[PDB]
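These notes concern the structure reproduced below.
Just so it is clear, none of the values below were taken in a lab; they were calculated from the coordinates. Neighbour counts are summed over all protein chains in view; Cβ atoms, including those assigned to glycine, are modelled from backbone coordinates with ideal geometry.
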Number of protein chains: 2
Amino acid sequence: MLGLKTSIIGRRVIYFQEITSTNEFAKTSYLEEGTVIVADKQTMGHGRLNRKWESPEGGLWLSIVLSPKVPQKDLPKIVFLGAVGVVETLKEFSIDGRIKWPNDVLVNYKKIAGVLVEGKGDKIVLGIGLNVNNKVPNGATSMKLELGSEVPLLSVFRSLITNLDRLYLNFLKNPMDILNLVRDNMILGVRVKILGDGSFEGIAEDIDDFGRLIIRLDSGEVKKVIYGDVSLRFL
Amino acid sequence: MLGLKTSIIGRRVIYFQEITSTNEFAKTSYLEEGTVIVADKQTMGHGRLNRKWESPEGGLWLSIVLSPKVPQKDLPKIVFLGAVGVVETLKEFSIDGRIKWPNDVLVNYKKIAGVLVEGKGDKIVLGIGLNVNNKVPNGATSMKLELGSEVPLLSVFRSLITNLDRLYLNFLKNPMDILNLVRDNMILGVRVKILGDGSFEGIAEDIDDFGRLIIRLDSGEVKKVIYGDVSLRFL
Ligand SMILES: O=C(O)CCCC[C@@H]1SC[C@@H]2NC(=O)N[C@@H]21
Ligand SMILES: O=C(O)CCCC[C@@H]1SC[C@@H]2NC(=O)N[C@@H]21
């Protein structure tokens, strides 16, 4: 009844009225690649750095099960697929979202979506949380708040899954393709504070072929930031 | 993201772009009571007498896993649950459907839906096929054909599942209540040809509290038909 016409992602969709975390269900479960897990609300939603992710009724909280057959050196680019997909969908609904390295999607610097990619063996779980009609913490925003009107959840879901399937199909063919889309939708050219192994500032210049963020230190020297236990803040 | 608020039926929904039959997946699968299986299309959909059920894109093809804890003598009333739920849903979409004993729903004598209940012990599978926006065989009808425009499948789904959940809870509380709803929406008072173990005609007078159809033969005697390998045709 959902009417999806995708090739890999969304061939099957499992919906729960309530769940602890769609990412956790994807990890403890054995499901076919492309299967989408979605819930009206999550009681224990979480983000990167393992922080709480508010998941009230009205938002889009989903997880996608994947087993990407691509070189291990390319797998890290998977986190960008989710962010680009959200940006393309936002565009379809007249919203201009930008990517905050490495997984956040902001609108006028307000967080409207987050991406959480987790790995368990050869399985990869791509989790996406997008604010649509739900209330959000102060500082954040939603599609409803941006458009000043509710937006049918199914339509957004349909749009996002369709974009992700296309992006994924291309990813399997050539993992490098996603890079040009990320670069052209990412927030760069501004000064940022990085909290990884230590602490330093600089301009978010660009990301490289591996997906690492290129920071141009004031000393004209550079520092590459890898995805993981890292925090980025705009100064 | 479907936003169902049901207590039992629809706490979980599994969707497939394509499937052989939702009724077959609902059986051969371990699933919690209330779980709903739905697909855009079925390649091997079938009905009551094992005839093919055309399931193209545009209609609602679903199956519900159930394990009602009620006396075995009231289980046969389960098939009426689906038929009444469809009638109540059609009412909500300004359509006047009536029940053709024991599982069909007609609009001006044209079949708009069929109900197929299958058992496997304690586990019961309630299957429903409702023509919405799909092309239908000659003689049949659909919500689109009745209304003059397409009807959002999700809205019909939400409506049907919500009605089925309410009816099911009342059913577990008192299996007899569904009968008055059936009588009030079933086609009665007309002559029908019955094809069960033999062949006879008569007026479809009413149904008894077991769910058996009361046929009053021309002689003056009445004959009772139980759900099973029986066919009914309006004369
Ligand atoms: O911004 C982040 O740090 C990532 C947030 C990811 C949120 C989604 S909601 C669907 C899925 N289930 C979870 O518990 N997290 C992800
Ligand atoms: O009219 C009948 O005789 C019963 C038709 C039942 C059709 C539904 S479609 C969903 C489910 N899957 C099937 O194969 N049959 C039922």
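A:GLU33: net charge of surrounding residues, Cβ under 12 Å, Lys/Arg +1, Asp/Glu -1, itself excluded?
Counting the neighbours of A:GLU33, the net charge comes to +1.
If you plug each phi of region B:195-209 into the Karplus form 6.51 cos²θ - 1.76 cosθ + 1.60 with θ = phi - 60°, what whole-Hz ³J(HN,Hα) values come out, in order, with x for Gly and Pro?
10, x, 8, x, 8, 8, 10, x, 8, 7, 5, 4, 10, 8, 5
Rounded, prolate or oblate: which fits the protein assembly as shown, taking a ≥ b ≥ c as square roots of the Cα gyration tensor eigenvalues, rounded meaning a/c under 1.5, else prolate when a/b beats b/c?
In terms of gyration-tensor shape, prolate.
Within region A:164-200, whose backbone N sits under 19 Å from a point 7 Å along Cα→Cβ of A:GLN72?
A:175-176
Can you give the mean number of other chain Cβ atoms that lie within 10 Å of the Cβ atoms in peptide A:12-19?
Per residue, the number of nearby Cβ atoms from other chains is 6 on average.
With +1 on each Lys and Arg Cβ and -1 on each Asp and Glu Cβ, and nothing else charged, work out how big the dipole of the protein assembly as shown is about its Cα centre, in Debye to the nearest 20.
Approximately 100 debye in magnitude.
What shape does region A:136-227 have by the C-alpha gyration tensor, where a ≥ b ≥ c are the square roots of the eigenvalues, rounded means a/c under 1.5, and otherwise prolate means a/b greater than b/c and oblate the rest?
In terms of gyration-tensor shape, oblate.
Give, as a single signed number, the net charge of other residues whose beta carbon lies under 12 Å from the beta carbon of B:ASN133, with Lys and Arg counted +1 and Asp and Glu -1.
That works out to -2.
Taking DSSP loops as anything outside H, G, I, E and B, show the longest stretch in chain A free of trypsin sites (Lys or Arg not before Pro) there with at most 13 other beta carbons within 10 Å.
Answer from the scan: A:74-235.
How large is the helix-only mean residue ellipticity at 222 nm for chain B, computed as the sum of -39500 (n - 2.57) over DSSP H runs with n ≥ 4, divided by its residue count, in deg cm²/dmol to the nearest 500?
The per-residue figure over chain B is -7500 deg cm²/dmol.
Out of B:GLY148, B:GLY85, B:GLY202, any idea which swings most in a Gaussian network model of chain B, alpha carbons joined below 10 Å?
B:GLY148
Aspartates and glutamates within cross-link reach of B:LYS120: Cα-Cα under 20 Å, excluding same-chain residues under 8 positions apart?
Result set, ordered by chain and number: B:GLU24, B:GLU32, B:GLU33, B:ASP74, B:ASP229.
Count the net charge of all other residues whose Cβ sits under 13 Å from the Cβ of B:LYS5, scoring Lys and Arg as +1 and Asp and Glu as -1.
0
Angle between the Cα long axis of helix A:78-92 and the longest principal axis of chain A, 0 to 90 degrees, nearest 10?
Relative to chain A, helix A:78-92 is tipped by roughly 70 degrees.
How much FRET efficiency would the formula 1/(1 + (r/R0)^6) give for B:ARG51 and A:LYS193, where r is the Cβ-Cβ distance and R0 is 60 Å, rounded to 0.05?
It comes to 0.30.
Report, in degrees rounded to the nearest 10, the 0 to 90 angle that the Cα long axis of helix A:153-173 makes with the longest principal axis of chain A.
That works out to roughly 60 degrees.
Run through all the Cα pairs of region A:65-126 and give the fraction in each 10 Å bin from 0, expressed as whole percent.
In order of increasing distance, the bins hold 22, 46, 25, 7 percent.
Of the GluC sites (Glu not before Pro) in region B:174-235, which ones lie in a loop per DSSP and count no more than 14 other C-beta atoms within 10 Å?
Sites meeting the loop and neighbour criteria: B:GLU221.
Using R₀ = 35 Å, calculate the FRET efficiency as 1/(1 + (r/R₀)^6) where r is the Cβ-Cβ separation of B:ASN108 and A:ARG166; round to 0.05.
After rounding to 0.05, the efficiency reads 0.20.
So what's Rg/Rh here for chain B, counting alpha carbon atoms and using the Kirkwood radius for Rh?
Radius of gyration relative to Kirkwood radius: 0.95.
What translational diffusion coefficient, to the nearest whole µm²/s, does region B:1-55 have by Stokes-Einstein, given a Kirkwood radius computed over alpha-carbon pairs, a temperature of 20 °C and 1.002 mPa s viscosity?
The Stokes-Einstein estimate is 176 µm²/s.
Classify region A:188-235 as rounded, prolate or oblate from the Cα gyration tensor: take a ≥ b ≥ c as the square roots of its eigenvalues, call it rounded if a/c is under 1.5, otherwise prolate when a/b beats b/c and oblate if not.
The shape class here is rounded.
What fraction of the DSSP beta bridges in region B:1-64 is antiparallel, stated in percent and rounded to the nearest 5?
Antiparallel: roughly 45 percent of the beta bridges in region B:1-64.
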